[PDB]
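Okay, structure first, notes after.
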Amino acid sequence: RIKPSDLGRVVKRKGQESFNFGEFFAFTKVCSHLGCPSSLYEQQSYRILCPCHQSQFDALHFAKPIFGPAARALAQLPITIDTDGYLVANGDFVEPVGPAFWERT
Amino acid sequence: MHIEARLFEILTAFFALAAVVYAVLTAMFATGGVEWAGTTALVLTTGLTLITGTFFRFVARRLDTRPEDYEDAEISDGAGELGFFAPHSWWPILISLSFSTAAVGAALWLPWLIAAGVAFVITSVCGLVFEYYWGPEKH
Amino acid sequence: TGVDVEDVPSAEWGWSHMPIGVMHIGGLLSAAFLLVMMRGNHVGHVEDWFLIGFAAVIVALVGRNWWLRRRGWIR
Amino acid sequence: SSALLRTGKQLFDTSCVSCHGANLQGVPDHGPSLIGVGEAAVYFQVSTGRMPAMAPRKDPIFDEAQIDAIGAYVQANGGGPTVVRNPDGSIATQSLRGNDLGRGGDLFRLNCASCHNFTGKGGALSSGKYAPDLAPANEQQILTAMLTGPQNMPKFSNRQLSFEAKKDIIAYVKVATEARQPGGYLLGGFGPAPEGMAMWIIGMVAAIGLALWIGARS
Amino acid sequence: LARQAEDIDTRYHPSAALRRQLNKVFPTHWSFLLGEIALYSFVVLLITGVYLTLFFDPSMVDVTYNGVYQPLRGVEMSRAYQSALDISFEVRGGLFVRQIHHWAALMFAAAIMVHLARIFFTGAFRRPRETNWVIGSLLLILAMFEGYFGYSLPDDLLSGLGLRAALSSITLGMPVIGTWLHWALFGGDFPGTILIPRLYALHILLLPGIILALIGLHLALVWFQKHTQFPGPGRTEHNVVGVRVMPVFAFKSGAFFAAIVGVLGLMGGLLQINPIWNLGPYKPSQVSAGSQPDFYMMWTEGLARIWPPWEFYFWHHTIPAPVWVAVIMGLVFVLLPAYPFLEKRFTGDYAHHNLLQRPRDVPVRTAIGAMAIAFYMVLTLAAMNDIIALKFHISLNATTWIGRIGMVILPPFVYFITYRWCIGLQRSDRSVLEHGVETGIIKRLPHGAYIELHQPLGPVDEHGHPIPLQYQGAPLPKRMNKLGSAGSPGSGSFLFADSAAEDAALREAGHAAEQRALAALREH
Amino acid sequence: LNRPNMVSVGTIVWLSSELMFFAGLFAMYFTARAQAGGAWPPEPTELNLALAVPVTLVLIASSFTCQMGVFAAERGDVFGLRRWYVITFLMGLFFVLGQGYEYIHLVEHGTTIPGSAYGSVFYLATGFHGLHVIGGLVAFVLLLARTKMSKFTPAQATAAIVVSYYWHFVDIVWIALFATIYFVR
Ligand SMILES: CC(C)=CCC/C(C)=C/CC/C(C)=C\CC/C(C)=C/CC/C(C)=C/CC/C(C)=C/CC/C(C)=C\CC/C(C)=C\CC/C(C)=C/CC1=C(C)C(=O)c2ccccc2C1=O
Ligand code: HEC
Ligand code: HEC
Ligand code: HEM
Ligand SMILES: COc1ccn2nc(C)c(C(=O)NCc3ccc(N4CCC(c5ccc(OC(F)(F)F)cc5)CC4)cc3)c2c1
Ligand code: FES
């Protein structure tokens, strides 16, 4: 959940302009390098840190990596609410999740 | 040695005078009485110079003239064999490394580093002290 | 290969010579590798200046050694 | 005498206004607003000593019930969370230790262990910042820490982490920091780095020293 | 036992091979026990592992704990983790045994590395022994991977993270084969049902068998190609000077074995290693901050940390970053066993060698080895980034860049310094060969001159100066007390003196025996 | 040659510098005693004099034993030296153990370093002296081990003498500290 104060520094990757519901963004938690949980989230730098080899993704710039051997952005999930007020998924990831291989991401 | 003792006696006399004067001038005329922090330093620097001067005085009274203390002398007087001056040794740098390890372990509060530094200091000092006394190996 | 004994006393007891071309080419290659490491996710440029500063010293040393060896002041 | 925050707004004016403003407005150079925050934020920030700052943990400046003074003065200018109290009016402690350490430990490993540790030792974050050790913090400090969400630490509300969940996490932390090591001297709480160091600097030197003693040198 | 010995002799009549093995001579240098250390560690590993196999259950099915350890009751875990907890808390003396096992694994790895360093620096891999070097390299690789598979068995959070990252997601990224290897090894996607039993079978049966065969072959080759030795008084390329097996060598070897077992028991009782209960069972959703494998894979981890993110994307495909780690580790593992052939191709020396070299006489190889050790140390320290940056207050990005740059500028600096240091040591040896040993005594020489009273090691000329000796590859004394100069203390016990006759007799017989040993070994 | 001894002069000047160090500590102590008015040893603190007298007499006996050992050393026999120095080591160890016991029994129910000013200055003044005593013990052990490994020469005698009067300096500054802390108050 992003503070309402900023909400103007978001960059919104080319194919996922409507994947967020207000101030919720819901990125994946599997690091795009070798698959450890990227769970270290710094609340006022908006950086996600993978503790296995220390990559850093920019939560305000479609989870773009900004340090380390990580080279691909984290996948984003589309969300919304249902007719009762609960958070549901609005589809599927647009691309595979996790480490890469010969075929594709 | 006669002149070193006289130097230290001069210094001790002046330091004792200054200490007493400061103590009795701050006992009165001062805000809170005796100052208690310069007084102590002064009496104990007096004690330092006193210890050194008294040792030099005893050694001078227990000694016969020396070619250094003696004028009138020639280089054939000191002809002889001096003491033992250590040639090359590598233990000082290890002692310094150990002490620096202990110091940096005390700066950042890390007890294991302090313990390791103390052990290394003991080991290096033992190596320095025994360097010219170890005998040949027994096989 | 061969080295005179007055430079390396134990020159006949073991390997004691490495050709200078290896060292020069290695210095140049290491400088190039330090330079090519500006490709990444470096936002911020404090780290690039150390890369450029360490790659200039290596090149300076290699050039000095090459120039002095070329004019006979060394070897 | 709860109608007395004249103390409170006597200490703030002489220790805080240079970085937060006279009206708790967040001097646009250094400090945040401090309006929406409550008594819990002030308690955690001052009792641990991170407050008035020249941010690491230090020695506290204020007690003799003046942490209450500043806390009440700041609560009177907003609606932030408040510190838990016991039936005497003081702040509580030991009854916020859930009869349940399994659930508390699972919650700690899922939510808290990523930044601190398996057992609450420190952890390093990016570019300076780190996550401190959880050993010297008491119970109310743990509660207010995960309730107010201090610098770069996420904020766990009372709706996503209910009060039982918080009490059980507190109990697990306080038990994990005070249990023995039933295998000998633990080498700091971390993984194989202290173990490898201890091997190389104890076992190998013992073995090589005995090899030097037994065998001759030539 | 005359009757039994004779009946053995008429049934087997060895009596000549036993005599041939009881008279074998072994050199006595403290540096020749670094392999015995590894051998004894391996024996202890075998014994403790055989003990451990009686209680371990290698399944990946889920259960609820319901045991004695209370802070984990009701948690759902695999069967291997529960079996390890049961070993730790419900068998009298099980925690002690698994701690001994882990400490012995660590000592095994460390002793192997120190032994390799000795073999490399003394030059004991030359013409007759390249194959023995190759066998040793294979043993090193196998030991690394065996320890890895071993500590990944009781699947907890840390072991699970290590498995996942390294094995799964580096095997998954190989260019063409890749996922095929991953699915052949795991039976499917990463968290399977056949991984832990397969690792168990590999760890208790196959790799120990291969290691045992290779160790047997190694020791056989060392036994039949007699040991090397350092140059010295009576040493030649055609003889072995030392002690016979018969009374002495077996005794020293057994005493060393007992002392190593003692050290391992002490540090397995007093220091704690791998407390799996502080962790939890492995779950793909939670993580901690340390990470870190044991110190013999830390270089692999550090190489993965400090390698820049260089990937290639071309038509319909992707080559990720860890491929680089793969080729670099393969290159290291290929450059290790093929070194003697490289050195003999480059230096062009193909002769038999039975006398070792002092590391100061071969400056280039010593510099190469020091450079490699510096590289390894940089890679290992780059693996504990988090711990270093937390305990010592340094930035994390700072440590990453420090490692990334050190990886290039530290090896050459170390090379330069090591070369110059070796030549300095050579010069210091030549100075004490030309003049005598400095005694440290000063005189004043009535016309005011200061001299320092050297002490010659050989004959002297007409005017008192010693004639210079020739270097013979052997170490030279530098302190006057190492030569018998100031010795012979009293002959009491510690507080009460003995008689004068006893002191004189003992001193005099000791001097005589020393002189006789010297004169005997010279003359041969 | 070298009629006055060199190691002696070195040790003497170094002991003077150490005296200045303890001067700094004393200056720390006397301030904060002028500020605390009234019962300046606070109420939870009261010093047990039933234990501080025997340890002081033990230290003085140690000084006597060390002087006897030096007397034995000046004539070239190692065994009298070894006996007297073993006795001195044992008595110093007893002194250190007694001091540690008093630290335990005094921190048990009151005075701590971070809990008071008197406790701070008290522990700071006496712990450094304890460290000096431990250093002296280490020096004794090293000297004995060195006499074990070669014949007795005048250099060993000089080493024994300098270690001796280092020990004397230690147990004199202890008398100063004791008379200042336990009696003057
Ligand atoms: C000798 C050399 C390696 C052969 C070169 C042959 C040829 C060049 C092969 C190419 C290899 C090149 C390309 C890459 C090198 C890296 C790679 C090969 C790693 C594979 C592993 C293997 C080769 C190990 C290398 C040799 C090994 C490192 C010997 C080091 C030990 C020896 C020389 C001295 C030990 C003495 C010991 C008793 C006292 C040291 C005290 C402490 C400070 C040791 C340092 C230390 C170490 C060494 C740790 O591993 C460690 C791990 C975790 C925490 C702390 C430490 C730690 O403090
Ligand atoms: C300018 C120096 C400075 C002084 C003096 C100071 N603060 Fe702070 N304070 C800060 C800064 C900067 C922060 C931002 C928090 C952070 O980044 O750690 C902060 C944060 C806080 C917070 C938490 C804000 C939040 O959103 O959770 C509170 C509460 C607070 N201060 C209260 C106080 C109190 C109480 C005092 C003592 C009278 C004080 N401040 C004095 C600088 C200061
Ligand atoms: C890496 C993100 C992160 C997460 C997730 C996290 N912490 Fe923190 N924690 C921090 C940081 C950063 C600080 C330091 C804040 C400060 O100093 O102002 C901190 C401080 C604390 C402190 C104060 C320690 C002390 O000694 O004063 C406690 C207690 C604490 N956290 C508990 C928790 C608990 C319980 C959880 C799990 C609900 C948790 N933390 C999760 C990063 C985190
Ligand atoms: C030869 C080299 C060996 C190495 C390097 C090695 C290493 C290891 C290590 C580090 C562990 C982790 C133990 C723990 O963390 O508790 C382990 C586990 C284990 N080892 Fe070994 N081991 C070796 C040989 C053997 C042998 C020969 C056996 C049996 C005959 C064996 C049986 C076991 C068993 C059953 C376990 C799992 C039990 C447990 O984890 O508690 N090991 N091994
Ligand atoms: C414990 O906590 C943690 C936390 C974080 N990390 N991060 C790392 C890196 C680790 C860690 O354990 N590293 C050690 C390691 C590294 C690589 C392998 N591979 C084996 C299989 C793989 C492979 C690749 C290609 C192949 O192709 C062919 F078959 F050879 F042809 C075959 C095999 C090769 C390398 C095995 C162990 C770790 C541990
Ligand atoms: S696993 Fe997240 S950085 Fe490699």
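Swiss-Prot numbering applies to chain E: residues 14-537, in that order.
Determination method: electron microscopy, 2.9 Å.
Every residue gets a Cβ built from N, Cα and C, even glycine.
Record features, source Swiss-Prot:
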BINDING   E:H114, E:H216  heme 1 binding site
BINDING   E:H128, E:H231  heme 2 binding site
TRANSMEM  E:45-65  transmembrane segment
TRANSMEM  E:118-138  transmembrane segment
TRANSMEM  E:146-166  transmembrane segment
TRANSMEM  E:189-209  transmembrane segment
TRANSMEM  E:217-237  transmembrane segment
TRANSMEM  E:266-286  transmembrane segment
TRANSMEM  E:335-355  transmembrane segment
TRANSMEM  E:381-401  transmembrane segment
TRANSMEM  E:418-438  transmembrane segment
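Non-local neighbourhood of E:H231 (heme 2 binding site): E:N145, E:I148, E:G149, E:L152, each in the same chain, at least six residues away, with C-beta under 8 Å from its C-beta. Contact between the transmembrane segment (E:146-166) and the transmembrane segment (E:45-65) does not hold: fewer than three of their C-beta pairs are under 8 Å, each pair 6 or more apart in sequence.
Here the transmembrane segment (E:217-237) sits apart from the transmembrane segment (E:266-286); fewer than 3 CB pairs are under 8 Å, leaving out pairs fewer than 6 apart in sequence.
There are 22 other CB atoms within 10 A of the CB of E:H114 (heme 1 binding site), with all protein chains counted. Within 10 Å of the C-beta atom of E:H216 (heme 1 binding site) sit 21 other C-beta atoms, taking all shown protein chains into account. Note on the transmembrane segment (E:266-286): residues 46, 49-50, 53-54, 56-57, 109, 112-113, 115-117, 119-120 of its chain, located 6 or more positions outside it, place their CB under 8 angstroms from a CB of the stretch. Within the chain carrying the transmembrane segment (E:45-65), a Cβ under 8 angstroms from the stretch's Cβ atoms is held by residues 39, 100, 110-111, 113-114, 117-118, 120-121, 124-125, 127-128, 131, 217, 221, 224, 228, 232, 240, 266, 269-270, 273-274, 277, all 6 or more beyond its ends. Counted within 10 Å of its Cβ, the other Cβ atoms near E:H128 (heme 2 binding site) come to 20, all protein chains included. With a cut-off of under 6 Å between the Cβ and any atom of ligand 2, the binding-site residues E:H114, E:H128, E:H216, E:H231 reduce to an empty set. On a Cα basis, E:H128 (heme 2 binding site) lies 24 Å away from E:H216 (heme 1 binding site). Of E:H114, E:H128, E:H216, E:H231, listed as binding-site residues, none is near chain D by the criterion of a Cβ under 8 Å from one of its Cβ atoms. E:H114 (heme 1 binding site) is 21 Å away from E:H128 (heme 2 binding site) when you measure Cα to Cα. Among the binding-site residues E:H114, E:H128, E:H216, E:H231, no residue has its Cβ under 6 Å from any atom of ligand 3.
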